Amino acid sequence: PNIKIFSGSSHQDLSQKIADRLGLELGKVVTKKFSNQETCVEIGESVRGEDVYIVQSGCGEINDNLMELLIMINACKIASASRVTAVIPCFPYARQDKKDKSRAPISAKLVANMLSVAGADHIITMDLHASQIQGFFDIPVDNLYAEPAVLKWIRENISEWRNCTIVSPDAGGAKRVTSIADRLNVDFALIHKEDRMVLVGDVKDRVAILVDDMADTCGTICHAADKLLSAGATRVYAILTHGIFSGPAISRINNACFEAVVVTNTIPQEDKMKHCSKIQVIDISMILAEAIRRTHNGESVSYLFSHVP
Amino acid sequence: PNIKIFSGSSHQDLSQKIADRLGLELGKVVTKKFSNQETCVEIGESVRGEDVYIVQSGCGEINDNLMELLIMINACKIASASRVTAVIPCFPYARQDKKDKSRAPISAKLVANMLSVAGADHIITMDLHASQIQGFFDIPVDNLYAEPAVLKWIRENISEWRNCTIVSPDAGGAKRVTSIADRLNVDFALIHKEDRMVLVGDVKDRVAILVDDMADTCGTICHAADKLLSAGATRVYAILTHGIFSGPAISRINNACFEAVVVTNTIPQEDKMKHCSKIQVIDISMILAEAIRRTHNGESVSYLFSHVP
Amino acid sequence: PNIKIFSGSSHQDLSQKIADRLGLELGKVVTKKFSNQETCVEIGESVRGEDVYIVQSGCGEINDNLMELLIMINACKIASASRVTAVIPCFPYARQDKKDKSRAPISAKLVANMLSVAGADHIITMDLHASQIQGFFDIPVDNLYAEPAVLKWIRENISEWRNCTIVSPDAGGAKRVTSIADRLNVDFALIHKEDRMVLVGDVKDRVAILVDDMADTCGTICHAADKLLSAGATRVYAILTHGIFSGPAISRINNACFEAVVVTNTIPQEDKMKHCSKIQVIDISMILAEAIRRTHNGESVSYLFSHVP
Amino acid sequence: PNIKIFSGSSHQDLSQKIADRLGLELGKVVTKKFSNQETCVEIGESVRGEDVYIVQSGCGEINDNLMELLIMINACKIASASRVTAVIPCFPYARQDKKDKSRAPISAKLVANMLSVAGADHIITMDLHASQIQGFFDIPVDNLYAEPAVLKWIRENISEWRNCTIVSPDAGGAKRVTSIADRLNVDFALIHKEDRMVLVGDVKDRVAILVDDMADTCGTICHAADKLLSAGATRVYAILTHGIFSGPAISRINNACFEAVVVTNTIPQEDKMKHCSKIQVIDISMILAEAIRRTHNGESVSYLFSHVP
Amino acid sequence: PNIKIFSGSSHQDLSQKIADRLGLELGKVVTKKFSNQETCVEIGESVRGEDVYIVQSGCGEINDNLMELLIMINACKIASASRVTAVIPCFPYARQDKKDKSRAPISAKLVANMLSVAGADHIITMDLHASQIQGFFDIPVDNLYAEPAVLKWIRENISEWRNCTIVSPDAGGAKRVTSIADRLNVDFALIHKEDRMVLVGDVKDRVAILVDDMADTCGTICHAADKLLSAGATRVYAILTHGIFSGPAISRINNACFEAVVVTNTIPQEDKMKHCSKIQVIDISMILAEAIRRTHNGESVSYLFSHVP
Ligand SMILES: Nc1ncnc2c1ncn2[C@@H]1O[C@H](COP(=O)(O)OP(=O)(O)OP(=O)(O)O)[C@@H](O)[C@H]1O
Ligand SMILES: Nc1ncnc2c1ncn2[C@@H]1O[C@H](COP(=O)(O)OP(=O)(O)OP(=O)(O)O)[C@@H](O)[C@H]1O
Ligand SMILES: Nc1ncnc2c1ncn2[C@@H]1O[C@H](COP(=O)(O)OP(=O)(O)OP(=O)(O)O)[C@@H](O)[C@H]1O
Ligand SMILES: Nc1ncnc2c1ncn2[C@@H]1O[C@H](COP(=O)(O)OP(=O)(O)OP(=O)(O)O)[C@@H](O)[C@H]1O
Ligand SMILES: Nc1ncnc2c1ncn2[C@@H]1O[C@H](COP(=O)(O)OP(=O)(O)OP(=O)(O)O)[C@@H](O)[C@H]1O
Ligand SMILES: [Mg+2]
Ligand SMILES: [Mg+2]
Ligand SMILES: [Mg+2]
Ligand SMILES: [Mg+2]
Ligand SMILES: [Mg+2]
Ligand SMILES: [Mg+2]
Ligand SMILES: [Mg+2]
Ligand SMILES: [Mg+2]
Ligand SMILES: [Mg+2]
Ligand SMILES: [Mg+2]
């Protein structure tokens, strides 16, 4: 059983980077639309008895990409692939992980059920919005972390990183920032709203680094950055694993005081970089490629939680 | 068939680093000396049907270490190991690779024959003194290169690396330096002796980096560094993959003008670092571990010739 | 046990010269081709209990000549010759002596293995491309040197030889030229490429003598000669032990500034001399004959490294 | 371990047919000549841990093709292929399988030794001239038979095949023809020379089918066909597994009385078909492909001795 | 072909004694260490067509001496010596001649393989620990016996030798002592441990002579001597062919009751004699010289099993 990497249409550059790191060519697949806009998928090579990995992120036209992924999984499964793995760098509907006093769907659970019923045997993803989403599955889920790559970027790009403060934009992400603060041996601050925000932790004359899983409309991080500059910070960075940047995010970032907005490439960023000078991209294709290769060879994946490959 | 890593007594720190990078514990082996100083080897665990890797460098008490390696290979082979690989970071007797108008042995060929007859199926080594030594074997030999790690060190440690000159100490190593000069887009200079040395290539007001496979007595690199300072160089570095440092090497380096003497850890360096402040060590255990893991899994090893893992 | 000299079809003039110097007639052998172009060999006399020497150079139709040599060795060995020696003035595939970051064969090692398995007990050759090729064998290899004959030619043909400069075309051959420069007590210069070439050593108003093991396409020596004339040299000679002269070599030499291109007769040269006026031939049949006679009589062969017989 | 099929330059059409029947693409390899006509081989993809099959027949420029095959085997073996198999449809030097009161080489044994020393683990060939050549190896040799394909051709092309006579051109091939005569339930005749030939077996008013392993100069089969027409045969066919057709074979066949000269495609035939109308080709690529696939999967190869796949 | 005797650095006095008995001078060889402690060997005279004997015992720095011997053998073999013989008075790793329910090497077999692959044609040794080691070779091995010299010493040094008892220290050596007891016409006793030892055979008022192949730490012979004095012996001698005397052997012998500890000079003894008064040395250089001369002249070597020359 050999590795076969297939790309959905969502993030083809990431799939190519992963394939190069694995020393493989992308599997032959046609993924287009019929005239009535139904997804058309044709696997152009035999996957019989192979270990198939389908790379598709929850970005762009999310429902189209999700249906493409489900259809590709189904096609590979009924084509007698030995194992089918969904590599989903940004998990769609992850923020709908609970009801919370509302007659709302748990869309993340529905997506997990659909992936299971399509025939996925395994899920590889990066920085799930809530790690409880792992429990939405009955198949194994490897939730990778961008934190090693983030730490690497911080050390090689922020000269004052030993005196910086890692800041959570809200009370929800504090855990994450504390982890980073522990790995860098720096202070960590929290910010939460009472339209006013309150900040705990000295940030004067120090570089502040907001850290988060995602930036969708960037209202949260822009408000946090305004507060950090109010409290005497020297420069404010924002580091996010998922740069969705929908709606007014680009305009707000352009009008914000960030020195840089670093995001990983779990979502393609070329279009946003055109209209926003201060967006920078961390490659995480090495982490994804190593996770694929370790799941295939039966090596430890959790080794990657703390080690940059 | 699983990976089993065994350490000879020559370089136990390197073996441990490799084992950690592989996520494995070192195999149980007793390697001591009988009273009459014959090597005693006892494999403390079953290696039947396993892929065995024995790590032993040509350093320290070279003949003792070589005999230890041969005895361990023999013990694993008659213990029904599926495959036995010798991981020899610094190949012993590599400099005796030819006769050249002398009634001399070709000791490198003798060592290759002894390794083959002991039962080695495969050799992993780093920067063979002459790559023709690969032809001394009939079994496959993977000759790894420290060059990716050297390039990484140069970029992250020499601030002026874009304006530096890579210098060969002699005409023999020019190929190597040209390779490095190609990967950095810098000038390359040669130095050869006519007790006088002649240098080709502008080095004034520029950082010079001597590059070589090994430093035994360091007469070559010390003379080259003196010449480089004569020709107006600003600082002179020396980068070698094998830091043997025998005889008067430490005193000469201490009396030399080197800013630093960077060597890889194919040979243990802790004792030399005690008596020489300007020696610095590049870890190459990641390259060796990746080579072991790729030979085991049937992935491409030559991928490592240009990529730091 | 008497000497029997057999000629392959590659270089019959050299075999005849060697046989005359030994006071012997060439052994009766038929070496032709079957209709389907397979080599046909028939030993026309008994070689039982004899010391057999088969002369065949790696020239012309190289694979045909090599197969002829292997077949003749096999025929003599199963005909109960006491000892079989391959006299190979120019060793085929000598330039494929290593892999060097390529998925390439080590063809020189393969040729050595084939010669050993055909039944060769001993190899006599001249100026191996790399002396490490000696280690590719387990049988003894005598690598003779054309240097004594070259020194003789230089003294008797270049009137200004005491003020000449011996020049290496590249960094690889410097050793050789230094040896010659030591035996003549003259200056030695190096030339290496950075499409531009750099020359170290005064050559103005002095005769320059490029020295090398072989000239295949003569791009190297022609570029070196152009550079030497640029640097004010009076006349430029080229002396090579192996005159392969394949491809465009004859046209380039005809368009080059060489006063003469001296080569030994390890490879037949009559055809090339027809189309190139400035090619001159040094006879080395005396060295080969003396080496054969000394190996037969158990006298010192290395005596020939410095003495013209 | 996957199948990798590599083509030598001798018979690229056959290699492509085999690759298509296996559902594979031919492995990336460069096989050209250096300027001095030495074979140049570069394996363009990793073969590490793979089951490598190199297809090269003993045809055309036989010594060049044989050296190409040996060099490719060596390149794959030192590139750490798990297993290397030589697929040699027509075995070179097969007719030099003995000495027989001559001081001649046993060239077939030399070729076997060279293949073994190059690193071949297994040989697949078709209709060895003498099956004793199998004993020239110590590695397994699968000698396939064209007889099933020949029987198929006879039944579907000769309408009178139930009343035909299978004829041996000489006493040596009688076994073969008897085998065929047994599988068709027809008469079998022998022909041997006393310049006159004597024929045993009624052939009047019956179609005669000469059968043989090879046709080199076609003197044997042309003389046999003349004798068969003398003895009242209606039509004479010739069926050979190896159509070498060297020397005057094409002219003799054109002047002969054969209805057809059927040969297998162990040797490329397109050029000969241009100048000879009555040559016809049986495809045996299915037999070779099935043999490769069965050796790879550990299924029975001898199943193919009697079954067309 | 003449005799050439070369000395390794292990036992130069023995080599000189052998050379004098042969009427020869020791061959010119340089055997030193490079700076990094690799063995350096240079044969200072032509050995072409000669019968070369290299004398090196398994004593002192055993792995260094063994590597020296292998390198010297290789140098002589590629220097076209007609025959190379290793004269190894004490065979290294002889006690590691089996595994015996342990995952241990058979180091003696490895040493034999290394000697064969270095190019040894013949082995001369004295009192192999187990004569089965002869079967570890495919080349002839002459295992000489010190017994004639021991018998001579006993008769000329022990006045009561006709009434003495020859004693084995263990059950393993009984054969040897019985041989001696047969040649002297005396009683023979055995001793074996049950920390207690049991002795069979009357030894009261009689001189006892322990006999053995080697004394390494001398625990065995010291315990045996204590038991012999317990059983009423008058004086106790110990005679060993190999006096290794490593570890605490000298102190134990000094504290033991031995009248004398006689050893042969297969291992140099001058240093041990300085610190131990009761060590005495039998010269066996006459046996070794006669064995060399008889192998050279084709005379019977086994003649020496019973005759002092
Ligand atoms: N794609 C989406 N874009 C924007 N809002 C979304 C999206 N999907 C779900 N939501 C809504 O966003 C809210 C979830 O917000 P969020 O994850 O920031 O906070 P939380 O889950 O309440 O707390 P926390 O993550 O801090 O523990 C819900 O009201 C949910 O319906
Ligand atoms: N361990 C050793 N320490 C020192 N010198 C050694 C050692 N082993 C061999 N030598 C000697 O060193 C010489 C080889 O030197 P070196 O490798 O620097 O140059 P080279 O092979 O002549 O040329 P180059 O490597 O530049 O092509 C030989 O004379 C060899 O005998
Ligand atoms: N017959 C041949 N003709 C031309 N090129 C060849 C031939 N055989 C091998 N080569 C190629 O030529 C190259 C070897 O070149 P060359 O011997 O001039 O330099 P090198 O070995 O890199 O260095 P140097 O000899 O200076 O130490 C390799 O790429 C090899 O594949
Ligand atoms: N390529 C070749 N082309 C032509 N003749 C060859 C070739 N190779 C060898 N020969 C010669 O052909 C003869 C072998 O002929 P052939 O195989 O037809 O008959 P055989 O071996 O004597 O008997 P049979 O095969 O009938 O049992 C030998 O003299 C051999 O030297
Ligand atoms: N150089 C050495 N010094 C000490 N012990 C050694 C040495 N080499 C091997 N040994 C160990 O010594 C043991 C062999 O002991 P010894 O030869 O005295 O007895 P044996 O082979 O069991 O029996 P015996 O020789 O009486 O038939 C083994 O355990 C072996 O590993
Ligand atoms: Mg939430
Ligand atoms: Mg949040
Ligand atoms: Mg060297
Ligand atoms: Mg050097
Ligand atoms: Mg070269
Ligand atoms: Mg060159
Ligand atoms: Mg025949
Ligand atoms: Mg026939
Ligand atoms: Mg024992
Ligand atoms: Mg004992």
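Bear in mind that the values in this text are calculations on the coordinates, not laboratory data. FYI the Cβ positions are ideal-geometry reconstructions off the backbone, even for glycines, and counts take in every protein chain you see.
Across the residues of C:168-176, average count of Cβ atoms on other protein chains within 10 Å?
Mean shielding count: 3.
Calculated from DSSP H runs of 4 or more alone, at -39500 (n - 2.57) each and per residue, what is the 222 nm mean residue ellipticity of chain A, nearest 500?
That calculation yields -10000 deg cm²/dmol at 222 nm.
Please report which chain D residue places its beta carbon nearest the axis carrying chain D onto chain A, with the distance rounded to a whole angstrom.
D:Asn2, 3
Give me the inter-chain shielding for D:202-212: mean count of other chain Cβ atoms within 10 Å, whole number please.
Across the residues of D:202-212, the mean count of other-chain Cβ atoms within 10 Å is 0.
C:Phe305 to E:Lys274: FRET efficiency via 1/(1 + (r/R0)^6), r the Cβ-Cβ distance, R0 35 Å, to the nearest 0.05?
0.15
Quick one: which residues, 5+ away or cross-chain, put their amide H under 5 Å from the amide H of A:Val87? H built at 1.01 Å from N.
Close amide H contacts, sequence-distant or interchain: A:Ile54, A:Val55, A:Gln56, A:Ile124.
Near A:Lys101, which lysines are there with a Cα under 29 Å away, not counting those fewer than 8 places off in the same chain?
Within the straight-line limit of under 29 Å, A:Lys101 reaches these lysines: A:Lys109, A:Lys175, A:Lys193.
Measuring from a point 7 Å out along Cα→Cβ, what nm distances, shortest first, does C:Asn163 have to its partners in the other copies?
4.4, 7.1, 10.1, 10.1
Shortest first and in nm with one decimal, please list how far the C:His275 label point sits from its counterparts in the other copies (point 7 Å along Cα→Cβ).
Taking the point 7 Å beyond Cα along Cα→Cβ, the inter-copy spacings are 2.7, 6.4, 6.8, 7.9 nm.
Take peptide D:213-219, look around each residue's Cβ out to 10 angstrom, count Cβ atoms belonging to other protein chains, and average those counts.
1
Restricting to bridges with both residues inside the range E:1-132, how much of the DSSP beta-bridge set is antiparallel, in percent to the nearest 5?
Within the range E:1-132, antiparallel bridges account for around 25 percent of the total.
Spin-label point model (7 Å from Cα, Cβ direction): what's the C:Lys28 to B:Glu156 distance in nm?
7.7
Hey, can you rank C:57-63, A:228-234 by average C-beta count inside 10 Å, highest first?
Highest to lowest by the protection proxy: C:57-63, A:228-234.
Find out how many positive minus negative residues lie around A:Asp213, taking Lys and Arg as positive, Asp and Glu as negative, among other residues whose Cβ is under 15 Å from that of A:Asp213.
Overall, the nearby charge balance is -3.
Please report the net charge: other residues with Cβ closer than 10 Å to the Cβ of D:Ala94, K and R +1, D and E -1.
So the environment of D:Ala94 carries a net charge of -3.
Run down the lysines and flag those whose C-alpha is under 19 Å from the C-alpha of E:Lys4, throwing out any fewer than 8 positions away in its chain.
Result set, ordered by chain and number: E:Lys17, E:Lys28, E:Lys77.
Could you sort A:105-113, D:288-296 so that the peptide with the highest average Cβ count within 10 Å comes first and the rest follow in order?
Final packing ranking: D:288-296, A:105-113.
Take the alpha-carbon positions of chain C, form their convex hull, and give its projected area averaged over all directions (one quarter of the hull surface) in nm².
Hull-based average projected area comes out at 16.8 nm².
Could you point to the residue in D:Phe258, D:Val301, D:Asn36 farthest towards the positive end of chain D's charge dipole, with +1 and -1 charges on the Cβ of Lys/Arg and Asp/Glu respectively?
D:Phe258
Let me check I've understood the local charge: for A:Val203, count other residues with C-beta under 10 angstrom from its C-beta, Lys and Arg +1, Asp and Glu -1. What total comes out?
Spelling it out: positives minus negatives among the neighbours equals 0.
If amide H atoms are built 1.01 Å from N in the plane of the peptide, which residues on other chains or at least 5 residues away come under 5 Å of the amide H of A:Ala189?
Result for A:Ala189 returns A:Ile166, A:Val167, A:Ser168.
Treating the point 7 Å from Cα along Cα-beta-carbon as the label, what are the nm separations from C:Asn297 to the other copies, to one decimal?
2.8, 6.3, 6.6, 6.9
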